[PDB]
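Enquirer: please work out how this folds:
(chains A, B, C and D, ligands or ions: 4)
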Protein chains: 4
Amino acid sequence: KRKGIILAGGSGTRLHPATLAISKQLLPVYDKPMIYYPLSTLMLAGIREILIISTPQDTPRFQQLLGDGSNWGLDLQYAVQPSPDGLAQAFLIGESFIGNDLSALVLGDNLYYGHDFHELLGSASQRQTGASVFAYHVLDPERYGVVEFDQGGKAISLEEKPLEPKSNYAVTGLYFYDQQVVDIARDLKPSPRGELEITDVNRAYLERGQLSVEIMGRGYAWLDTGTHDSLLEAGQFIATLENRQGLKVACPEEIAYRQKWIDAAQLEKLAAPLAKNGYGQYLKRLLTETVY
Amino acid sequence: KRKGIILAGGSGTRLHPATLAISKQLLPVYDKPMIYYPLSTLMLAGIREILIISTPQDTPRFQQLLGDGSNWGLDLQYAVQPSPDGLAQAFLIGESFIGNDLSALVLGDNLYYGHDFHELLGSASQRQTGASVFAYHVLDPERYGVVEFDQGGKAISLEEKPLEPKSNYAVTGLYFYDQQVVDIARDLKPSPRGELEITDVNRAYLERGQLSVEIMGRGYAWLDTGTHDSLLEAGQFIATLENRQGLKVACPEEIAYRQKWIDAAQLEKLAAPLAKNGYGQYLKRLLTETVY
Amino acid sequence: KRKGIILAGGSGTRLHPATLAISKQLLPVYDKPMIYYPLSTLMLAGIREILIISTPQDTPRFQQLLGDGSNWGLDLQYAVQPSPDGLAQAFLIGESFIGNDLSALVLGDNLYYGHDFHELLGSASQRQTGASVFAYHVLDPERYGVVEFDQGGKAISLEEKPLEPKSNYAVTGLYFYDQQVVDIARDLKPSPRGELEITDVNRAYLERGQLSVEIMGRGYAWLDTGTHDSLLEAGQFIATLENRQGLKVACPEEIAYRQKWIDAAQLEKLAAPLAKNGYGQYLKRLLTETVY
Amino acid sequence: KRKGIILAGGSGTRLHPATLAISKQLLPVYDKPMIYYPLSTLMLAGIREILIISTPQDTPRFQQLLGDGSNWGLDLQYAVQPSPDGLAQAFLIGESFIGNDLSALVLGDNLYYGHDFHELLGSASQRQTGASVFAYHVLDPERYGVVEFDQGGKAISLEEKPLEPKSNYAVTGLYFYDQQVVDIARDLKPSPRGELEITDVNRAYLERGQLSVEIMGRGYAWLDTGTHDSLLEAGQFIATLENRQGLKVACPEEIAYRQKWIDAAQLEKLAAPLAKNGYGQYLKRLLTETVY
Ligand SMILES: O=P(O)(O)O[C@H]1O[C@H](CO)[C@@H](O)[C@H](O)[C@H]1O
Ligand SMILES: O=P(O)(O)O[C@H]1O[C@H](CO)[C@@H](O)[C@H](O)[C@H]1O
Ligand SMILES: O=P(O)(O)O[C@H]1O[C@H](CO)[C@@H](O)[C@H](O)[C@H]1O
Ligand SMILES: O=P(O)(O)O[C@H]1O[C@H](CO)[C@@H](O)[C@H](O)[C@H]1O
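Expert: Numbering: from 1, shown residues only, chains lettered A, B, ... in the order given. Ligands and ions are numbered 1, 2, ... in the order given. Provided below are the atomic coordinates:
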């Protein structure tokens, strides 16, 4: 049993004044709220019990939007990150929710799309020791945690936001950990940047010969919705796909329904209140069409 | 002296589940909140005293966001629309804020761009008797109040959302009224569609020979941000303009600064708290560059 | 050994007047000509000997753009389709180029993207008997050849452009055939619509128990660039991906280089003439970076 | 009488390999070929007699597409620019076509949109002495001819692509000239960059007190379609406008029809051959609808 964490906190300024009226993870990406994406990512990994971490001001809202998750067959819980001192704090804030289980952490503004994405998730989720992360070739690695490989395809280092990247592979914001993470996190010291870095956690596993780094090929799409532009590009990306397929990307109800975490009846209940619009209309159509 | 009303109420149902997270009028259009646009529209018309109407749940937010307007040289007030019974209710709800003055009403999801927009606004604003509206050729008139013209360019009828439009000219969501509006509004009867229609208000002025209908040419851009798609198209429209010009569209601070409703000092104060981002950076640059 | 055909003909009037200036398959999709996409598709399927079919007016151009293929390790040939009498004509027109080999046919305005696309293609290409096609859930099946499945996932019918589609699965424009196709094509009679239909070809295989229909999941992206809008959406789709990754989609030189159909030296030669721009810059960077 | 020139030459390597396939000024912007835009610009300025300059390979094509202009009430002629030695060569190459008349020069990849564009053009076109140019605030002036104003709104310098721009006002690619241009051009010496620069031509008029520089306000849109990205942004810009209005931007037939250069009958003839698609459908609808 792995548990999941969505870290959806974070500093508004960049987005201000657009986010003067809402946290970033509540803005829509095309037709549904941002947080549905990463949420639906953990769901496709088979994770049902998930803790959502946000700012004090934003928690109640997330809560107002997702509830406890029982309607989607999930078990959701919440917690607060008073101040943005590093993603790695997630493990401290979430220490008691994790207990002695396996876990996974996904950042609230990461958005993933692609064929067999669940088999890919599956490999990592099913591992029971060490940590796994993913690597994705990008144009501006400098903006991310960067991982270097040797000629044998083996990972040999990680640097966070380097001025001189040793490769073009970035480590995305989806991480799988075993039971050693909490403790590892407990010994970190704030970076100069003054944060507790997930990169440092990852490196720790690396220094022990226990970091697994799988490639996410160029056939997948990994987008981050952190700037006005990117938000827009992602919004257009989904809309292109959705309109072409007549299917939705990252619709939690559908995924729950497909994993048998809720049944045809629950699904109908979910749709009723949304019937006046396409979303509900979509949910309804799902009960009468096989989708492979 | 004309007073202004922004009707920003609204059953968010359509834009669901996104608006499950925030009223429509708080979502961003590219880089600032939707409401800035229509607000900036009244501003360009010379109007400083404005009432904002919204749902009960949304009011406090709007309030949290704009304040009383003093920082921008405005005088903002607020009111509630318990239930979406027609735009025309705005005049009842707003009867005492209007008093015996001229007024103007603009819908919160209407977005206007174009050269000399302000002279255009000015013609109407400066009229002191009757009402003025604007007409804009569109592809799907059926979705709007439609106005018909005779061979002489004169307006001869108005139908709201007709199955068979008599023209391709829609009447946009910006309206100027004299002192007769409140009483006219007092005698309306809900439409079948069960609402008090602005179109009925406009028709009343028409049946008296007092409705002025100016054309807004194809050289302007009138967009409504009421669906996921249109929200996205508008976001991309502004982004294209803003990135090309290095100027913003509908930035209230700038407009206040240009009308001399606030001075260089106040402007600087407004920017300080925003300095970490481009918005503030933008505001600052405005104090040292002449922009014709 | 399978041979390939790209059918890039037709008048393509849905794009008038853009195409008064060139054929549809020469217009760019973001940053390279349309025809590169399907071309690159056959290439990923392992196919090096390809016949390109087009209108009489367009052939020289294509021929002016791709040459004989030797620079990319291919063997390209050309042939004409005097008049748009059905995709199935491709097999008549191409009867002698096919000879007694296995073949594949891809339409010029179909564009494919996604993880493991090359294994997917590989399944079908390595089959040596019968036919294989792909089915893709879409919003408007009525526009395409539609395939229906039973409860057991087995295909049980094909209809071209039905008014009442039996499913939402469209058959895309990528087809794999054994040696029976030519003769099958020789016995077709023009449809009412007045064309020799691929759908009929497919049906013939079906009626013999020899049509293989694999599902292309919602994790892939199949777009057709036949209208102004779709052209534009695709362009923005590729641009989003390319700019995010620092990699190109459907760049024939790269693919040839990865299949060892050309070597580092050839690749360098290819890049020289393009050095003043990014495309060449891209090709150059490929010789010094490992890309998993 | 002013005569016009469209300089639509060059390689446009920035558009490789899309432009291998065809010259830049043939690619579509959304729904019609690029060259229609600047063409339609001169048309709105009242200019009917136009010389189109292009590369030797591209001329026949342009000629294949536009003819001699009689169908649109124009008089079109062609000439070649063997090598890209500066825009200013346009005046040499076009010396005999201009004769002793007033003239105007517009670059092939400049695109213009906005309210009263046609009065703006009119001011300049009706002047009969000196030269006029327009200035547009932009984000990256370094890329263009840049003009500096004094506190009094008066132009006081022009620099082409400066490393340190003295302002954010770029001079767009539309120029009006009196009879002194040819001779002025005859004395230019190639710039270091090895071109005969329009900026030098402009500067000459400036040094004599005869250069008029009008501001094109932020209410207009000036875009250039010289890169893949910009091409794509422009396409989406026009599509947003066209689909909202049910009207086209830069449709030469319409403009001819509105200036009475052709009549209803000619217009019908023009539409026939295009009836199978929207463009022609558009042209037809124009005969029965008044568009203010
Ligand atoms: O969002 P941040 O804190 O700038 O960066 C975080 O996000 C990125 C993924 O989105 C990671 O690659 C960085 O290692 C992580 O520190
Ligand atoms: O937004 P509604 O209530 O469908 O319609 C309202 O908005 C439109 C403008 O956006 C107007 O044309 C309608 O006449 C007005 O009734
Ligand atoms: O492009 P066409 O001739 O309308 O139709 C062709 O295109 C589609 C794919 O693009 C196929 O699904 C159709 O079966 C085929 O006939
Ligand atoms: O296209 P070019 O040759 O780099 O630049 C040309 O175009 C610009 C407008 O597009 C002008 O501002 C420049 O002065 C002119 O030389």
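Enquirer: got the contact list for residue A:28?
Expert: A:34, A:235, B:15, B:18, B:21, B:27, B:228, B:231 (C-beta atoms under 8 Å, 6 or more residues apart in numbering or on different chains). From N, CA and C alone the C-beta is placed, and that goes for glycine too.
Enquirer: can you check residue A:24 too?
Expert: Neighbouring residues of residue A:24 by C-beta under 8 Å, 6+ apart: A:10, A:12, A:15, A:34, A:108-109, A:225-226.
Enquirer: on that earlier part again, closest to chain C among the contacts of residue A:28?
Expert: Ranked by distance to chain C (C-beta to the nearest C-beta), the contacts of residue A:28 are led by residue A:235 at 10.3 Å.
Enquirer: my guess is the closest one meets residue B:233, correct?
Expert: No. At 10.4 Å, residue A:235 does not count as touching residue B:233 under the criterion of C-beta atoms under 8 Å.
Enquirer: which residues do those two both contact?
Expert: Between them, residue A:235 and residue B:233 share no contacting residue, judged by C-beta under 8 Å, 6+ apart.
Enquirer: among those two, which residue is more densely surrounded?
Expert: Using other C-beta atoms under 10 Å in any protein chain shown as the criterion, residue A:235 and residue B:233 rank with residue A:235 on top: 24 against 19.
Enquirer: do any residues in stretch A:122-132 lie close to chain C?
Expert: No. Using C-beta under 8 Å from any C-beta of the partner chain, stretch A:122-132 never reaches chain C; the gap is at least 13.7 Å.
Enquirer: in that stretch, what counts as buried?
Expert: For stretch A:122-132, a neighbour-count test (16 or more other C-beta atoms under 10 Å in any protein chain shown) marks A:124-125, A:130-132 as buried.
Enquirer: then stretch A:209-219?
Expert: Buried residues in stretch A:209-219 (16+ other C-beta under 10 Å): A:211-213, A:216-219.
Enquirer: residue contacts, residue A:88?
Expert: A:185, A:188, A:195-198, A:200-201.
Enquirer: ok, residue A:74 next?
Expert: Counting by C-beta under 8 Å, 6+ apart, residue A:74 makes contact with A:43, A:48-50, A:256, A:261.
Enquirer: by neighbours, which of these wins?
Expert: Counting by other C-beta under 10 Å, top hit in the contacts of residue A:74: residue A:43 with 26 neighbours.
Enquirer: does that one touch residue A:254 like I think?
Expert: No. Taking contacts as C-beta under 8 Å, residue A:43 lies outside contact range of residue A:254: 9.9 Å.
Enquirer: could you report the neighbour count for residue A:26?
Expert: 25.
Enquirer: how near is residue A:286 to residue A:271?
Expert: Distance, residue A:286 to residue A:271, using C-beta to C-beta, to the nearest Å: 8 Å.
Enquirer: same deal with residue A:92?
Expert: Going from residue A:92 to residue A:271 by C-beta to C-beta gives 40 Å.
Enquirer: ok, residue A:238 next?
Expert: The gap separating residue A:238 from residue A:271 is 21 Å, by C-beta to C-beta.
Enquirer: host element of residue A:269?
Expert: Taking DSSP states H and E as the definition, one finds residue A:269 inside helix A:264-271.
Enquirer: centre of the chain to that helix, how far?
Expert: Relative to the mean C-alpha coordinate of its chain, helix A:264-271 is positioned 26 Å out (C-alpha atoms, centre = their mean, to the nearest Å).
Enquirer: could you give me the buried positions within it?
Expert: For helix A:264-271, the neighbour count (16+ other C-beta under 10 Å) marks A:266-267, A:270-271 as buried.
Enquirer: so which of the residues you listed is the closest to chain D?
Expert: Nearest to chain D among these, counting by C-beta to the nearest C-beta, is residue A:271 at 30.7 Å.
Enquirer: mind checking what secondary structure residue A:291 has?
Expert: Secondary structure, DSSP: H, G, I helix; E, B strand; the rest coil: residue A:291 is coil.
Enquirer: burial count for it?
Expert: So residue A:291, with other C-beta under 10 Å, has 15 neighbours.
Enquirer: same check, this time on residue A:160
Expert: 17.
Enquirer: give the closest residue to residue A:18 in space, chain neighbours not counted.
Expert: Distances taken as C-beta to C-beta, 6 or more residues apart in numbering or on different chains place residue B:28 nearest to residue A:18, at 3.7 Å, with adjacent residues excluded.
Enquirer: what residue in the stretch 51-200 of chain A comes nearest to ligand 2?
Expert: Proximity of the stretch 51-200 of chain A to ligand 2 (C-beta to the nearest ligand atom) peaks at residue A:65, 25.4 Å away.
Enquirer: still on that earlier bit, near ligand 2 too, which of the buried residues of stretch A:122-132?
Expert: Among those, no residue sits close to ligand 2 (C-beta under 6 Å from any ligand atom).
Enquirer: any idea which helix is longest in chain A?
Expert: The longest helix of chain A (DSSP state H) is helix A:228-245.
Enquirer: is that one anywhere near chain D?
Expert: No. On the criterion C-beta under 8 Å from any C-beta, helix A:228-245 is out of touch with chain D, staying 9.0 Å away.
Enquirer: buried ones in that helix, by neighbour count?
Expert: Those buried within helix A:228-245 under the rule 16+ other C-beta under 10 Å are A:228, A:230-242, A:244-245.
Enquirer: nearest to residue C:59, of those?
Expert: In terms of C-beta to C-beta, no member of the buried residues of helix A:228-245 lies closer to residue C:59 than residue A:244, at 30.8 Å.
Enquirer: shouldn't that closest one be in contact with residue C:141?
Expert: No. The pair residue A:244 / residue C:141 is not scored as a contact, 11.8 Å apart, by C-beta under 8 Å.
Enquirer: show me what the strand or helix carrying residue A:133 is packed against.
Expert: Using DSSP H and E, residue A:133 sits within strand A:131-137. Contact analysis of strand A:131-137 by 3 or more C-beta pairs under 8 Å, 6 or more residues apart in numbering or on different chains; DSSP states H and E lists helix A:117-125, strand A:169-171, strand A:174-177, helix A:198-207, strand A:211-215 as its packing neighbours.
Enquirer: residue A:141 and residue C:116: what is the separation?
Expert: Counting by C-beta to C-beta, the gap from residue A:141 to residue C:116 is 24 Å.
Enquirer: neighbour-wise, which of these two wins?
Expert: Of the pair residue A:141 and residue C:116, residue A:141 is the one with more neighbours under other C-beta under 10 Å, namely 23 against 17.
Enquirer: which non-adjacent residue is nearest the more buried one?
Expert: Nearest to residue A:141 is residue A:165, by C-beta to C-beta, 6+ apart, at 4.1 Å.
Enquirer: contacts only, for the one you found.
Expert: A:141-142, A:146, A:159.
Enquirer: for those, which one is nearest residue C:170?
Expert: Nearest to residue C:170, judged by C-beta to C-beta, of the contacts of residue A:165 is residue A:141 at 38.4 Å.
Enquirer: give me the neighbour count for the residue in the stretch 1-150 of chain A that ligand 4 sits nearest to.
Expert: Closest residue of the stretch 1-150 of chain A to ligand 4, C-beta to the nearest ligand atom: residue A:139 (25.3 Å). Residue A:139 has 14 neighbours, counted by other C-beta under 10 Å.
Enquirer: that one: which element?
Expert: Here residue A:139 is assigned to no helix or strand, by DSSP H and E.
Enquirer: my read: it touches residue C:248, true?
Expert: No. Using C-beta under 8 Å, residue A:139 is not in contact with residue C:248; the gap is 11.4 Å.
Enquirer: can you give me the helices in the stretch 1-150 of chain A?
Expert: A:36-44, A:59-66, A:89-93, A:95-98, A:117-125 (DSSP state H, counting those that start in this stretch).
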